[PDB]
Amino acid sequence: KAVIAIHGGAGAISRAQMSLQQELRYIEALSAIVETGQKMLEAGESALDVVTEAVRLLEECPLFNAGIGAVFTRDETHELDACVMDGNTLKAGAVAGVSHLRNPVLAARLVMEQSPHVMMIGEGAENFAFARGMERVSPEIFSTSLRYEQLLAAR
């Protein structure tokens, strides 16, 4: 019957560079978020609300390259992208290139439910969100020392 899977990205992971204390932090975060998702499904929440909340938590968690803890672009900026899709209606919402929205997945969901559109990009996506009452955040809120150091290393 009901079931959730989540991911926090593939390819970024190498045993030889990871400490066990980092592995544990990731196990704890993954386990806490999948459990939130399980409780929701047992309580009769929809697959759409469940995937929305799961991805919201992964965004908020600085360990994961989405929302807070986003990687940096070449210009030391954050450009965020997200999509959500409802298998019952084939309805879908998506934002690309957003910098001033805390939870891209919630912006994507706002495009799905409060526009006739599927995909919005850039300032237009953000203005659409703000007009529907989504809060404007400063772009520095996603910035982390860990990700910034990875940018300097890449150079």
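One-based numbering along the sequence shown.
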| query | finding |
| --- | --- |
| Entry-level comparison of average CA B-factors, 15 to 23 and 128 to 136, reporting the higher stretch | 15 to 23 |
| Between 146 to 154 and 4 to 12 (mean CA B-factor, as deposited), the higher | 146 to 154 |
| Member of 93, 44, 122, 116 with the greatest C-alpha B factor (per the PDB record) | 44 |
| Per the PDB entry, maximal CA B factor within 100, 56, 109, 39 | 39 |
| Cα B factor band for residue 49 (lowest, middle or highest third within the chain) | middle |
| Chain-relative CA temperature factor third for residue 60 | middle |
